[PDB]
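Peer 1: So that we are looking at the same thing, I have put the structure below in structure tokens.
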Amino acid sequence: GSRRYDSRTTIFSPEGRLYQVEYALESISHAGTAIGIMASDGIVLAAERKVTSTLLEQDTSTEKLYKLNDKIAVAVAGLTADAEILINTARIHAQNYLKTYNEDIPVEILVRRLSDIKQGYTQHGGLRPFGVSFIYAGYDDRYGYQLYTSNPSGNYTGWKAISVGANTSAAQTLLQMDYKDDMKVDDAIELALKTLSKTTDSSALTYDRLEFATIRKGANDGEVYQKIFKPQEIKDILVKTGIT
Amino acid sequence: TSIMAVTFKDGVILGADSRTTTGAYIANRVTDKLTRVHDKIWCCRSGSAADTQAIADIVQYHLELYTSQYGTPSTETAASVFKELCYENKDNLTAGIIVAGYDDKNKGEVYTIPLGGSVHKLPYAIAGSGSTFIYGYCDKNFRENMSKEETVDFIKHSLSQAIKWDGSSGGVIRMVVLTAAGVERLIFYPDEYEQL
Amino acid sequence: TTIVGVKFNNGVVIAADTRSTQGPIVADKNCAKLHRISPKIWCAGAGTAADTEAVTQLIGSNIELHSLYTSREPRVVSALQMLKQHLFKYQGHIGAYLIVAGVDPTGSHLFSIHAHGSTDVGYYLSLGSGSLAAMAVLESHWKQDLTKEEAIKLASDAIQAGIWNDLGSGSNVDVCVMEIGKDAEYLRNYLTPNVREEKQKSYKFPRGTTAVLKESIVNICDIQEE
Amino acid sequence: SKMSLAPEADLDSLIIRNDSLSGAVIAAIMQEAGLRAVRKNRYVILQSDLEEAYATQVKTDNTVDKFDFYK
Amino acid sequence: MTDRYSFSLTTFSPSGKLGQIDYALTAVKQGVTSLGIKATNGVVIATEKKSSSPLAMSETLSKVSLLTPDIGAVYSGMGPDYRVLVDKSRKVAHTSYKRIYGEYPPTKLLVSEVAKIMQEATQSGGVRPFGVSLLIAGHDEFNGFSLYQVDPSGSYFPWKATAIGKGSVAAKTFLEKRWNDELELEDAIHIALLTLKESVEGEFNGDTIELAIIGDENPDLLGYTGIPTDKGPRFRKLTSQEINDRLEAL
Amino acid sequence: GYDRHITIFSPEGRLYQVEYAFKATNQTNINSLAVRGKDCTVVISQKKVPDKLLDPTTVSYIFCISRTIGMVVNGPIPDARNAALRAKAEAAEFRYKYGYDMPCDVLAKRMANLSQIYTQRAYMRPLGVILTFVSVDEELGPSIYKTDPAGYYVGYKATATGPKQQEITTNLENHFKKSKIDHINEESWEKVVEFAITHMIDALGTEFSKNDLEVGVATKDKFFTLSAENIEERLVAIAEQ
Amino acid sequence: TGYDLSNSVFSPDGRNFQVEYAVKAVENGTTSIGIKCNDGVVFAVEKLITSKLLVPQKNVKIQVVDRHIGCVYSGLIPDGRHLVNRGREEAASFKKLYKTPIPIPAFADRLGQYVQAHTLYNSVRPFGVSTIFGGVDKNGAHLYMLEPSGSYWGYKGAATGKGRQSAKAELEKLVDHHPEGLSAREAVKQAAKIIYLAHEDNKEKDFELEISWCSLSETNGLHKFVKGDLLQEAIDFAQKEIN
């Protein structure tokens with residue numbers, strides 16, 4: 001019957017571990033690198049694509065930066081296919097909360113909601129877990145700027161600066177020596193590019209293989225404007241900060 | 001509306017009028033009330049225009065499927081499918097239907113299904129609105145096993161009277177002659193049948 | 001409302017008035033009343049105006065899909081048989097009255113379909129409040145076999161007569177001619193009976209006539225740049 | 001060129017059909033067309049024989065033989 | 001009688017990579033060559049006919065198809081799996097966007113509804129991935145022309161010109177050097193054929209090379225006149241005579 | 001192990017289980033030939049009745065789907081009846097919901113899509129019949145579409161199926177190579193049958209009695225199979241030529 | 001290797017092993033014949049008497065369906081008694097909807113789909129029974145035999161069970177001598193002769209003969225049991241010749 005062909009993707013191992021969730025972590029270590037830095041007055045999200053040929057039109061392309069409403073953007077690392085599914089369930093839950101309380105969703109709710117969806121598949125169902133890891137950059141008046149990473153376990157914790165994707169270890173050690181608490185949005189940009197410049201597989205770092213988006217409070221009246229940079233602002237900011 | 005079917009020596013003959021009213025206003029003076037639900041089993045419709053048209057498309061679908069699997073239906077059989085759509089839904093549909101068929105093993109047969117939902121094998125039937133006014137005229141004049149010339153004249157005199165006294169009937173009298181020959185339509189114009 | 005459908009030799013011509021009403025008050029002086037189901041199958045709707053709009057769009061999609069799936073041009077009787085079934089399932093709540101006209105590889109057809117799912121054939125048809133005023137004109141001049149210039153005149157006369165003699169109809173006559181083996185011709189505003197005669201005066205007020213309490217500006221553009 | 005052929009027969013008809021063939025399969029095809037010419041009793045290899053012999057000793061179908069729905 | 005498969009048949013092999021999406025990407029590399037080029041005033045997509053036999057007609061088979069009047073598609077991989085995915089592509093375009101907003105979906109939009117169909121062929125239970133890769137060329141009002149590739153994984157990408165199938169390695173090398181920014185739809189047609197001539201060893205009749213443009217609108221195919229607001233279909237598959245013109249233009 | 005029982009890909013990249021279905025087809029030793037007339041279609045297939053005990057009438061491979069559509073089946077007969085019964089239901093349902101008769105193409109395309117769902121679900125097994133539909137469609141004229149367990153189908157100028165289908169293909173090709181048209185031309189439907197049987201006697205080598213063949217002919221608006229008397233008339237016409 | 005464990009899987013050859021196995025389970029049952037006479041059908045089944053405790057003439061293995069379709073089977077006795085039970089729904093249901101007794105070629109079709117369905121999933125076991133069933137409707141007599149695979153055919157005599165070799169060889173000689181179509185009244189005495197001959201490879205445990213017939217002209221096309229004298233005459237007829 002059906003039992004013969006069954007993988008069983010929800011059992012414990014002989015040592016009290018979940019093999020299948022471990023392996024989801026492994027496939028996230030091949031995908032492109034993504035970094036987020038938290039300054040006093042904004043957040044930088046900066047991600048390196050896995051594609052780079054010139055026939056590909058990377059200019060209009062967005063596969064790393066998504067807006068969830070008008071205050072919370074996420075970056076993706078993992079299966080880009082899988083990630084679009086969780087993003088529409090998040091987009092919808094972010095909006096339901098605005099419908100029922102006429103007040104923009106706290107960052108803490110929208111992150112805790114996505115985590116439990118992922119948790120859900122390893123608890124029951126027998127479906128294979130999700131193969132995605134998010135960095136949430138968002139702004140709320142309660143704590144100011146906030147940064148959160150969640151992985152395919154569903155455990156999320158806040159951060160001051162974090163990185164998922166290739167060489168997670170190497171990227172964290174470069175940031176750790178340089179980061180300071182008095183950073184402004186100008187200072188953070190310069191540390192983000194430089195850290196991707198030291199880890200990239202290819203020695204050259206180009207404007208076309210980088211995606212980049214910030215959230216700054218320099219929008220008037222105590223508000224926040226999310227901009228996902230055009231390819232012509234990235235190009236100018238790579239010559240300004242002296243990476244090329 | 002005023003329909004009828006008269007079995008005769010070779011098969012069976014159906015006849016109906018072509019009027020469809022919505023109160024005093026006449027919507028259609030030329031409408032076919034004799035529908036083919038198979039190539040040897042026709043039916044005549046009276047009652048609510050919609051209710052019976054819904055039954056006639058659904059019976060046409062049940063009998064096509066019957067043919068592709070089990071072989072040619074009988075007239076008996078076709079009558080029993082109407083029976084199951086009328087009786088089950090008799091709280092929603094108003095359906096007065098005559099089913100008239102020609103087998104090659106039993107000649108012409110007539111089953112009539114009045115508003116209730118029962119079958120009745122009769123040697124000739126009348127139904128509709130204008131039927132009331134000719135029950136007496138037909139019972140005097142119907143002999144069994146008449147010749148095809150005589151039977152067409154017997155159906156025309158009938159509905160002639162049904163048209164003259166009823167206000168819901170009128171226009172052309174169509175006819176379907178349903179025999180071993182096949183399907184032969186006649187039509188009788190208002191000039192012709194108002195003298196006889 | 002007045003709607004006529006007149007079959008002739010090589011096609012069918014279907015024409016309507018343009019006045020759309022909301023009780024005694026004319027809602028729109030000029031409005032679309034001929035709906036397109038597919039490139040060859042036009043229909044017109046009387047009765048409740050929200051019901052015909054919604055039903056033609058629903059039978060539009062289901063026949064557009066069906067068209068791409070079989071790779072044939074749609075036959076008129078498809079549009080008739082999907083309407084019949086969908087208007088019955090509701091037991092006659094939906095108050096849609098349509099004249100579905102169209103051409104196809106079988107020939108031209110012209111049907112009428114009422115709110116209960118009852119359907120008929122015809123060579124002339126009418127619908128709406130002033131339907132009886134159109135039927136008198138059809139009966140008077142309709143003869144079997146007409147030419148395209150002739151049939152178009154007969155169709156617009158009937159709507160012409162429905163405008164003067166029924167209150168529900170007014171303004172323009174729209175005609176729509178579909179010939180066998182040709183592109184459908186939608187001839188918009190084909191007869192204009194009467195335009196609004198001038199006013200006696202103008203009424204431009206001098207600036208400063210209204211009294212204004214306060215003023216503000218409402219930023220509609222997205223949150224302004226960084 | 002060694003063998004006696006009708007000038008009607010033409011090699012250009014053959015070359016397009018198969019997209020793979022080797023110098024030893026070709027050797028066999030000519031033998032077969034010239035062996036079949038003996039049954040008909042024709043001095044020359046007529047284009048009927050050449051065509052028949054082409055379709056035999058080729059095959060090369062094991063992979064899309066009845067599994068053509070991979071395209 | 002029952003379905004008792006509810007468990008994924010796609011699991012993570014112990015070194016990442018979902019085993020079944022790797023394999024399916026191999027059946028996409030066995031398929032017949034297919035390629036597309038984007039210009040500043042159109043898009044061309046072209047593919048080669050494969051014939052079961054000389055008995056089989058090939059005109060009856062559609063290997064290029066329409067999704068909407070402005071978006072056409074062409075595939076590489078398995079024939080059966082593309083047929084069912086084109087029909088599920090038209091329903092979901094009509095039901096979650098045509099009825100609800102009127103107009104036909106934008107091209108960005110439509111690719112995402114098709115990518116969710118693919119994705120849920122591994123997340124869900126009992127199934128395996130579609131064995132096809134799509135190219136989707138189309139035209140929307142606020143971004144011009146665009147060209148997309150939707151892979152059996154679900155990932156999509158905008159390209160300027162790409163190819164897939166068995167001659168994909170050779171074809172994309174040639175297109176890398178030949179493509180430019182200024183291009184006509186007439187010039188691109190000449191590049192699309194020239195490449196696909198190297199990849200097809202079989203008969204190169206204009207019967208058996210199916211080419212289709214998403215160029216500009218055809219007042220003639222609209223089917224009705226007298227509405228200056230409506231516009232014709234931008235898609236147009238070329239007949240066999242017209243393709244034989246561009247061959248003698250080589 | 002569990003990649004070759006169910007329908008998932010193998011590491012190589014091929015649906016083994018589907019591939020195994022095609023070998024299940026040629027397990028009855030029926031051969032068939034099908035040609036397009038000028039206004040009709042003719043399909044002959046051998047009919048071997050093994051034992052004396054079997055009643056020769058019930059054994060049949062030609063199934064009447066509608067007036068418009070005939071269907072000749074190659075393969076094991078349980079799956080025959082299962083695909084013929086599902087075909088009949090779709091033929092009726094089409095008529096009901098769209099109001100005209102189901103064309104040949106549309107019945108062929110509905111079967112390929114059910115066939116696809118059967119190679120994509122895990123618990124379903126693909127049906128091991130190859131279906132060929134003959135008809136005289138009203139829009140496109142004479143037609144033949146041949147469908148298979150994978151879910152691939154295509155049009156045909158003429159076609160054969162069976163164990164010795166290769167021999168029969170060579171003849172059907174040789175004929176369209178000389179005449180240089182897509183279809184046998186002869187107005188009458190009686191002489192397309194005579195031609196048909198000639199090419200089977202060549203391709204199989206077998207001489208046919210009237211019982212060894214079972215003949216089906218689609219004309220305008222009726223599809224019949226010929227009675228055992230009528231197949232004897234045809235074979236006197238081959239002998240007298 | 002692993003292709004035999006499960007149903008609805010094919011081997012590289014193209015076979016369903018579970019279905020090939022089920023025919024071996026049919027092969028153990030008792031001998032059962034069916035003779036199509038000119039006017040109807042005669043079913044006859046060897047019923048083994050296992051022990052002196054089993055009650056005589058009380059364990060009928062002939063089940064009727066409607067009023068005119070006899071069913072007799074060999075194989076797994078509970079499993080046959082389920083396939084008929086489902087068959088009493090298909091008949092009673094047709095009769096409700098079309099108000100005519102279900103015709104025999106149509107009943108053969110309903111059963112066929114039902115058995116064919118049970119070779120399509122891993123989740124259900126294939127039926128381990130061969131059926132012989134037939135009767136008389138307005139188009140004449142028919143006889144059918146239903147393999148556990150799901151195929152069925154017309155027949156003029158059928159057999160199943162251990163004695164299928166000797167029986168099918170004897171039904172050939174019965175259609176040789178009587179090519180006109182033997183009489184129904186006579187075929188009772190001929191069916192008896194085919195059970196006693198096929199019971200010489202099984203002559204260890206004596207048996208009790210059951211016969212039933214459905215003829216247009218004898219019983220009005222209604223399926224009955226042969227009982228009383230005509231049955232006690234049949235035993236005599238076959239027993240005198242094979243002495």
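By order in the structure tokens, chains are A, B, ...; within a chain, residues start at 1; ligands start at 1, following the order shown.
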Tell me, counting only C-alpha atoms, for each residue of chain A within 9 Å of chain C, which pair of atoms is nearest and how far apart they are in Å to one decimal, in rows ordered by chain and increasing number, as a Markdown table.

Peer 2:
```
| residue | atom | partner | partner_atom | distance |
| --- | --- | --- | --- | --- |
| A:215 | CA | C:226 | CA | 8.8 |
| A:216 | CA | C:226 | CA | 6.7 |
| A:217 | CA | C:226 | CA | 7.6 |
| A:218 | CA | C:226 | CA | 5.3 |
| A:219 | CA | C:226 | CA | 5.0 |
| A:220 | CA | C:224 | CA | 7.1 |
| A:223 | CA | C:223 | CA | 7.8 |
| A:224 | CA | C:223 | CA | 7.7 |
| A:225 | CA | C:223 | CA | 6.2 |
| A:226 | CA | C:226 | CA | 8.4 |
| A:227 | CA | C:226 | CA | 8.0 |
```

Peer 1: Mind listing the helix (DSSP H, G or I) residues of segment 50-222 of chain C, per DSSP on the backbone, as an MDAnalysis selection string?

Peer 2: chainID C and resid 50:70 76:88 131:141 148:165

Peer 1: So what do you get for atom CA of residue 97 of chain E versus atom CA of residue 69 of chain A, distance-wise?

Peer 2: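 One can read the atom CA of residue 97 of chain E to atom CA of residue 69 of chain A distance as 21.3 Å.
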
Peer 1: Quick one: contact table of chain F to chain B, 9 Å max, nearest atom pair and distance in Å to one decimal per residue, counting only C-alpha atoms, chain and number order, as CSV?

Peer 2:
```
residue,atom,partner,partner_atom,distance
F:64,CA,B:68,CA,7.0
F:65,CA,B:68,CA,6.4
F:66,CA,B:68,CA,6.7
F:85,CA,B:69,CA,8.2
F:88,CA,B:68,CA,6.8
F:89,CA,B:65,CA,7.1
F:91,CA,B:65,CA,8.7
F:92,CA,B:65,CA,6.1
F:93,CA,B:61,CA,7.6
F:95,CA,B:61,CA,7.8
F:96,CA,B:61,CA,6.1
```

Peer 1: Those residues you just picked out, can you put them in a file as a PDB file, in the first residue's frame with N, CA, C and O atoms?

Peer 2:
```
ATOM      1  N   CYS F  64     -18.704   1.933 -31.021  1.00  0.00           N
ATOM      2  CA  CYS F  64     -19.463   3.086 -31.485  1.00  0.00           C
ATOM      3  C   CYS F  64     -19.609   4.063 -30.324  1.00  0.00           C
ATOM      4  O   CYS F  64     -20.306   3.780 -29.346  1.00  0.00           O
ATOM      5  N   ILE F  65     -18.920   5.196 -30.423  1.00  0.00           N
ATOM      6  CA  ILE F  65     -18.986   6.228 -29.394  1.00  0.00           C
ATOM      7  C   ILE F  65     -20.201   7.117 -29.612  1.00  0.00           C
ATOM      8  O   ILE F  65     -20.972   7.386 -28.688  1.00  0.00           O
ATOM      9  N   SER F  66     -20.391   7.575 -30.841  1.00  0.00           N
ATOM     10  CA  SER F  66     -21.524   8.410 -31.203  1.00  0.00           C
ATOM     11  C   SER F  66     -21.905   8.059 -32.630  1.00  0.00           C
ATOM     12  O   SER F  66     -21.320   7.164 -33.242  1.00  0.00           O
ATOM     13  N   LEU F  85     -16.029   3.324 -22.162  1.00  0.00           N
ATOM     14  CA  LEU F  85     -17.126   3.806 -21.336  1.00  0.00           C
ATOM     15  C   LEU F  85     -16.902   5.250 -20.914  1.00  0.00           C
ATOM     16  O   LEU F  85     -17.851   6.036 -20.842  1.00  0.00           O
ATOM     17  N   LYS F  88     -17.733   7.518 -24.081  1.00  0.00           N
ATOM     18  CA  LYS F  88     -19.174   7.669 -24.302  1.00  0.00           C
ATOM     19  C   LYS F  88     -19.768   8.727 -23.403  1.00  0.00           C
ATOM     20  O   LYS F  88     -20.550   9.572 -23.836  1.00  0.00           O
ATOM     21  N   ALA F  89     -19.423   8.733 -22.100  1.00  0.00           N
ATOM     22  CA  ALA F  89     -19.878   9.733 -21.143  1.00  0.00           C
ATOM     23  C   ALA F  89     -19.446  11.136 -21.558  1.00  0.00           C
ATOM     24  O   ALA F  89     -20.237  12.077 -21.488  1.00  0.00           O
ATOM     25  N   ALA F  91     -18.814  12.084 -24.563  1.00  0.00           N
ATOM     26  CA  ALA F  91     -19.465  12.402 -25.830  1.00  0.00           C
ATOM     27  C   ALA F  91     -20.877  12.939 -25.606  1.00  0.00           C
ATOM     28  O   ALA F  91     -21.260  13.961 -26.188  1.00  0.00           O
ATOM     29  N   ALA F  92     -21.664  12.237 -24.734  1.00  0.00           N
ATOM     30  CA  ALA F  92     -22.929  12.729 -24.269  1.00  0.00           C
ATOM     31  C   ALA F  92     -22.869  14.063 -23.565  1.00  0.00           C
ATOM     32  O   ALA F  92     -23.415  15.004 -24.098  1.00  0.00           O
ATOM     33  N   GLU F  93     -22.108  14.215 -22.464  1.00  0.00           N
ATOM     34  CA  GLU F  93     -21.895  15.512 -21.739  1.00  0.00           C
ATOM     35  C   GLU F  93     -21.550  16.709 -22.517  1.00  0.00           C
ATOM     36  O   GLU F  93     -22.000  17.786 -22.154  1.00  0.00           O
ATOM     37  N   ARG F  95     -22.398  17.269 -25.866  1.00  0.00           N
ATOM     38  CA  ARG F  95     -23.667  17.573 -26.515  1.00  0.00           C
ATOM     39  C   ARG F  95     -24.652  18.335 -25.654  1.00  0.00           C
ATOM     40  O   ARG F  95     -25.220  19.316 -26.119  1.00  0.00           O
ATOM     41  N   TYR F  96     -24.713  17.963 -24.378  1.00  0.00           N
ATOM     42  CA  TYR F  96     -25.623  18.553 -23.407  1.00  0.00           C
ATOM     43  C   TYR F  96     -25.234  19.981 -23.055  1.00  0.00           C
ATOM     44  O   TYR F  96     -26.100  20.853 -22.963  1.00  0.00           O
TER      45      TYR F  96
END
```

Peer 1: Specify as a PyMOL selection string all residues of chain G found within 12 Å of chain A, counting only C-alpha atoms.

Peer 2: chain G and resi 2+5-9+121-125

Peer 1: For chain C, work out the contacting residues on chain F at 8 Å, counting only C-alpha atoms, and write them as a compact mmCIF listing (two decimals) with N, CA, C and O atoms, in the first residue's frame.

Peer 2:
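Once written, part18.txt looks like this:
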```txt
# COMPACT_ATOMS: atom_id res chain seq x y z
N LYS F 97 -23.95 20.25 -22.85
CA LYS F 97 -23.55 21.56 -22.35
C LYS F 97 -23.19 22.57 -23.43
O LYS F 97 -23.02 23.74 -23.10
N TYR F 98 -23.03 22.15 -24.69
CA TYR F 98 -22.73 23.10 -25.76
C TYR F 98 -23.66 23.01 -26.95
O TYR F 98 -23.68 23.95 -27.76
N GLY F 99 -24.43 21.94 -27.10
CA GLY F 99 -25.58 21.96 -27.96
C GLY F 99 -25.35 21.50 -29.38
O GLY F 99 -26.28 21.58 -30.19
N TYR F 100 -24.15 21.05 -29.72
CA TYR F 100 -23.91 20.41 -31.00
C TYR F 100 -23.17 19.10 -30.73
O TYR F 100 -22.95 18.72 -29.58
N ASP F 105 -11.51 15.86 -32.94
CA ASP F 105 -10.47 16.53 -32.25
C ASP F 105 -10.81 16.73 -30.75
O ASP F 105 -9.97 16.41 -29.90
N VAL F 106 -12.00 17.20 -30.44
CA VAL F 106 -12.30 17.54 -29.06
C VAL F 106 -12.44 16.29 -28.21
O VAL F 106 -12.16 16.33 -27.00
```

Peer 1: Counting only C-alpha atoms, a student should be able to say which residues of chain C come within 12 Å of chain E; what is the right answer, written as a ChimeraX atom specification?

Peer 2: /C:32,36,38-42,53-71,73,103,174-179,181-190

Peer 1: Could you tell me which residues of chain E sit within 12 Å of chain D when counting only C-alpha atoms, and give me the result as a PyMOL selection string?

Peer 2: chain E and resi 24+26-34+47-54+63+75-83+131-132+165-166+200-204

Peer 1: Restrict the selected residues to N, CA, C and O atoms and save them as a short mmCIF file (atom, residue, chain, number, x, y, z; two decimals), in the first residue's frame.

Peer 2:
```
data_model
loop_
_atom_site.label_atom_id
_atom_site.label_comp_id
_atom_site.auth_asym_id
_atom_site.auth_seq_id
_atom_site.Cartn_x
_atom_site.Cartn_y
_atom_site.Cartn_z
N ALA E 24 13.95 16.41 -13.19
CA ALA E 24 13.08 17.07 -14.16
C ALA E 24 13.84 18.09 -14.99
O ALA E 24 13.51 18.32 -16.16
N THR E 26 16.74 17.79 -16.09
CA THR E 26 17.42 16.97 -17.13
C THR E 26 16.46 16.64 -18.31
O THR E 26 16.85 16.80 -19.43
N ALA E 27 15.16 16.19 -18.08
CA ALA E 27 14.17 15.99 -19.13
C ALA E 27 13.85 17.28 -19.87
O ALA E 27 13.38 17.22 -21.02
N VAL E 28 14.12 18.51 -19.30
CA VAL E 28 14.02 19.74 -19.96
C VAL E 28 15.22 19.99 -20.82
O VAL E 28 15.13 20.75 -21.79
N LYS E 29 16.31 19.34 -20.57
CA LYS E 29 17.47 19.48 -21.44
C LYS E 29 17.51 18.43 -22.55
O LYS E 29 18.37 18.52 -23.43
N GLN E 30 16.61 17.44 -22.53
CA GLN E 30 16.50 16.50 -23.64
C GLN E 30 15.61 17.03 -24.76
O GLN E 30 15.80 16.66 -25.92
N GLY E 31 14.65 17.88 -24.42
CA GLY E 31 13.66 18.39 -25.37
C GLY E 31 14.25 19.04 -26.61
O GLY E 31 15.46 19.19 -26.74
N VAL E 32 13.36 19.45 -27.52
CA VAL E 32 13.79 20.02 -28.79
C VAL E 32 14.12 21.49 -28.61
O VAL E 32 13.53 22.18 -27.77
N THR E 33 15.04 22.00 -29.42
CA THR E 33 15.50 23.37 -29.23
C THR E 33 14.36 24.35 -29.40
O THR E 33 13.44 24.15 -30.21
N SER E 34 14.43 25.43 -28.64
CA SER E 34 13.44 26.49 -28.69
C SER E 34 14.10 27.74 -28.14
O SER E 34 14.87 27.67 -27.17
N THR E 47 10.57 27.53 -32.78
CA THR E 47 10.81 26.16 -32.35
C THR E 47 10.78 25.28 -33.59
O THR E 47 10.29 25.68 -34.65
N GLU E 48 11.30 24.07 -33.45
CA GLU E 48 11.32 23.12 -34.55
C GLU E 48 10.26 22.04 -34.36
O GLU E 48 10.07 21.53 -33.25
N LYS E 49 9.55 21.71 -35.43
CA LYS E 49 8.63 20.59 -35.41
C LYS E 49 9.39 19.28 -35.31
O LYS E 49 10.42 19.08 -35.96
N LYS E 50 8.88 18.37 -34.48
CA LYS E 50 9.34 16.99 -34.46
C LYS E 50 8.20 16.10 -34.92
O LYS E 50 7.06 16.26 -34.46
N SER E 51 8.50 15.19 -35.84
CA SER E 51 7.49 14.37 -36.50
C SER E 51 7.64 12.91 -36.08
O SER E 51 8.70 12.31 -36.30
N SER E 52 6.59 12.36 -35.47
CA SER E 52 6.57 10.93 -35.16
C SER E 52 6.92 10.10 -36.39
O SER E 52 7.77 9.21 -36.33
N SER E 53 6.27 10.40 -37.51
CA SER E 53 6.43 9.64 -38.74
C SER E 53 6.25 10.59 -39.91
O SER E 53 5.90 11.76 -39.72
N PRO E 54 6.51 10.12 -41.13
CA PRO E 54 6.04 10.87 -42.31
C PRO E 54 4.54 10.74 -42.54
O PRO E 54 3.99 11.51 -43.32
N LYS E 63 2.55 23.60 -31.29
CA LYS E 63 3.69 23.68 -30.40
C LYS E 63 3.94 25.09 -29.89
O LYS E 63 4.60 25.25 -28.86
N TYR E 75 7.44 25.80 -25.43
CA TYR E 75 7.97 24.93 -24.40
C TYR E 75 9.09 24.06 -24.94
O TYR E 75 9.30 23.95 -26.15
N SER E 76 9.76 23.39 -24.01
CA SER E 76 10.77 22.38 -24.30
C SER E 76 10.65 21.32 -23.22
O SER E 76 10.62 21.65 -22.03
N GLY E 77 10.60 20.06 -23.62
CA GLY E 77 10.42 18.99 -22.66
C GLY E 77 9.35 18.00 -23.09
O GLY E 77 9.41 17.48 -24.20
N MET E 78 8.38 17.76 -22.25
CA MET E 78 7.40 16.78 -22.53
C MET E 78 6.16 17.49 -23.02
O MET E 78 5.66 18.34 -22.28
N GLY E 79 5.67 16.99 -24.18
CA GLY E 79 4.43 17.33 -24.88
C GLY E 79 3.27 17.13 -23.97
O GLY E 79 2.53 18.12 -23.79
N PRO E 80 2.93 15.93 -23.38
CA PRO E 80 1.72 15.78 -22.56
C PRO E 80 1.65 16.78 -21.46
O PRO E 80 0.57 17.34 -21.31
N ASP E 81 2.76 17.03 -20.74
CA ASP E 81 2.77 17.96 -19.61
C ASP E 81 2.54 19.43 -19.92
O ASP E 81 2.16 20.17 -19.01
N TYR E 82 2.79 19.86 -21.18
CA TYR E 82 2.57 21.24 -21.59
C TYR E 82 1.09 21.43 -21.90
O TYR E 82 0.58 22.52 -21.63
N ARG E 83 0.36 20.42 -22.49
CA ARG E 83 -1.04 20.53 -22.89
C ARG E 83 -1.94 20.86 -21.71
O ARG E 83 -2.80 21.74 -21.81
N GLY E 131 7.51 18.26 -16.28
CA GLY E 131 8.72 18.03 -17.02
C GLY E 131 8.91 18.98 -18.16
O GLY E 131 9.33 18.58 -19.23
N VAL E 132 8.57 20.29 -17.96
CA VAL E 132 8.68 21.29 -19.01
C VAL E 132 9.27 22.57 -18.45
O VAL E 132 9.17 22.86 -17.26
N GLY E 165 16.52 23.55 -24.27
CA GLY E 165 16.52 22.33 -25.06
C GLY E 165 17.93 21.82 -25.27
O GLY E 165 18.89 22.28 -24.65
N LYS E 166 18.05 20.87 -26.19
CA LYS E 166 19.30 20.14 -26.35
C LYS E 166 20.39 21.00 -26.97
O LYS E 166 21.58 20.80 -26.69
N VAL E 200 18.74 22.30 -35.91
CA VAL E 200 17.88 21.28 -36.51
C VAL E 200 18.66 20.64 -37.65
O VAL E 200 19.04 21.31 -38.61
N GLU E 201 18.91 19.30 -37.52
CA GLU E 201 19.55 18.55 -38.56
C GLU E 201 18.59 18.03 -39.62
O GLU E 201 18.93 17.81 -40.76
N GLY E 202 17.32 17.90 -39.18
CA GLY E 202 16.28 17.40 -40.05
C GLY E 202 15.89 18.41 -41.11
O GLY E 202 16.49 19.48 -41.28
N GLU E 203 14.84 18.05 -41.85
CA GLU E 203 14.36 18.89 -42.94
C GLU E 203 14.04 20.29 -42.44
O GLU E 203 13.42 20.46 -41.39
N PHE E 204 14.49 21.30 -43.21
CA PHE E 204 14.37 22.70 -42.79
C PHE E 204 13.33 23.38 -43.64
O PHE E 204 13.42 24.56 -43.87
#
```

Peer 1: Which residues of chain F are close to chain A, meaning at most 10 Å apart when you count only C-alpha atoms, and how do they look as a list in words?

Peer 2: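 That gives the following set of residues: residues 1, 2, 3, 5, 6, 122 and 123 of chain F.
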
Peer 1: As a ChimeraX atom specification, please: all residues of segment 7-169 of chain E that backbone DSSP puts in strand (DSSP E or B).

Peer 2: /E:12,14,16,18,34-38,43-48,64-68,71-77,132-140,144-150,156-159,161-164
